[PDB]
Amino acid sequence: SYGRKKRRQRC
Amino acid sequence: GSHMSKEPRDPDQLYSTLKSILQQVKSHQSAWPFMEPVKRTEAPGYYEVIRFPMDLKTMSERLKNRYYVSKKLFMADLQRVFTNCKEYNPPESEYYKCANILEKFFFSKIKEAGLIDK
């Protein structure tokens, strides 16, 4: 959803 | 008015000019967020709202290599960091403040330098 600018998505 | 100049005249002249706008932007009290790279892998929105994310963390490395020593060439990535970051960041909460100040301060330089000619 739109930009994010958050932590690193740990997959 | 309608002219759209955006003429850097001399390339070298731009090298130190963009270095001027940047030099004050690198030490700006609000360019902290622009001094880092986004996710480019897990940051939803980019590659769509942020055509050219760019960031001083990687953009400032070009002014040293003359990778953006011209009119829109350098203003593109810089204006991009300001316009793309705002395309998602709050209209005025934490990120906008920087993109707003930086966009406002560097303007007087790029406008007088011959970048925005407006």
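Residues numbered from 1 in each chain as written, not as in the entry; some residues may be left out. Chains lettered and ligands numbered in written order. Heavy atoms only, no water.

The record lists solution NMR as the method behind this PDB entry.

Chain B is annotated in the PDB entry as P300/CBP-associated Factor from Homo sapiens. The record deposited in the PDB is entitled "NMR Structure of P/CAF Bromodomain in Complex with HIV-1 Tat Peptide".

## What to know about the packing of aromatic side chains
Residue and element names in this part refer to chain B. Applying the stated rule across the entire model yields three aromatic pairs over all chains. An aromatic cluster is defined as three or more aromatic residues linked by ring pairs; in this entry it consists of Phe34, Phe82, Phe106 and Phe107. Between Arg51 and the ring centre of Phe52, over which it is positioned, the NZ or CZ distance is 4.2 Å. (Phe/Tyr/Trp six-rings, centres within 6.5 Å; stacked < 30°, edge-to-face > 60°. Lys NZ or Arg CZ within 6 Å of the ring centre and 35° of its normal.)

## Here we look at the side chain of B:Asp77
Residues and elements named next belong to chain B. The topology assignment puts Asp77 in helix α3 (residues 71–88). No salt bridge is formed by the buried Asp77; its nearest oppositely charged neighbour, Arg62, is found at 6.7 Å. Each residue touching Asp77, except ones within four places of it in the same chain, is listed here: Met54, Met59 and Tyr68. (Helix = DSSP H or I, 4+ residues; strand = E, 2+ residues; numbered from the N terminus. Buried < 20%, exposed > 50% of the residue type's maximum accessible area, 1.4 Å probe, protein only. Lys, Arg positive; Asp, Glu negative; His and termini not counted. Salt bridge = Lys/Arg side-chain N within 4 Å of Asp/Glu carboxyl O. Contact = heavy atoms within 4.5 Å.)

## A short note on the packing of helix α1 (residues 11–26) of chain B against helix α4 (residues 95–113) of chain B
Residues and elements named next belong to chain B. At a closest axis distance of 10 Å, the pairing of α1 and α4 adopts a crossing angle of 160 degrees. It follows from the interaxial angle that α1 and α4 lie roughly antiparallel. Remark: the crossing between α1 and α4 carries right-handed chirality. Residue-level inspection shows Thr17, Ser20, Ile21, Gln24 and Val25 of α1 in contact with α4, the latter providing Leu102, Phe105, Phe106, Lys109, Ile110 and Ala113. The residue inventory of the contact of α1 with α4, partitioned by class, reads seven nonpolar, three polar and one charged. (Axes fitted to C-alpha atoms, helices over the stretch in contact; angles between N-to-C directions. Parallel < 35°, antiparallel > 145°, perpendicular 65-115°, else oblique. Left-handed = near helix turned anticlockwise from the far one by under 90°. Nonpolar A, V, L, I, M, F, W, Y, C, P; charged D, E, K, R; others polar.)

## Examining the interface of chain B and chain A
The interface of chain B with chain A comprises twelve residues on the first partner and ten residues on the second. Carbon and sulfur atoms supply 57% of the area buried between chain B and chain A, which totals about 1000 Å² over both sides. Three residues stand out in chain B for area buried against chain A, namely B:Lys39, B:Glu42 and B:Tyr88, and they jointly supply 52% of the buried area on that side. The tally of links between chain B and chain A comes to zero salt bridges. Where chain B meets chain A, there are eight residue pairs in polar contact. Each residue belonging to the side of chain B that touches chain A can be placed in one class, and the counts come to seven nonpolar, two polar and three charged. (Buried area = accessible area lost by both parts, 1.4 Å probe. Polar contact = N/O pair within 3.5 Å; in protein donor to acceptor, adjacent residues only side chain to side chain.)

## Remarks on the environment of B:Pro11
All names here are of chain B. As for its placement among the helices and strands, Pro11 is situated in helix α1. Sequence separation of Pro11 and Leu102 is 91 residues, and the distance between their C-alpha atoms is 24 Å. If sequence neighbours within four positions are ignored, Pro11 has contacts with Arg66 and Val69.

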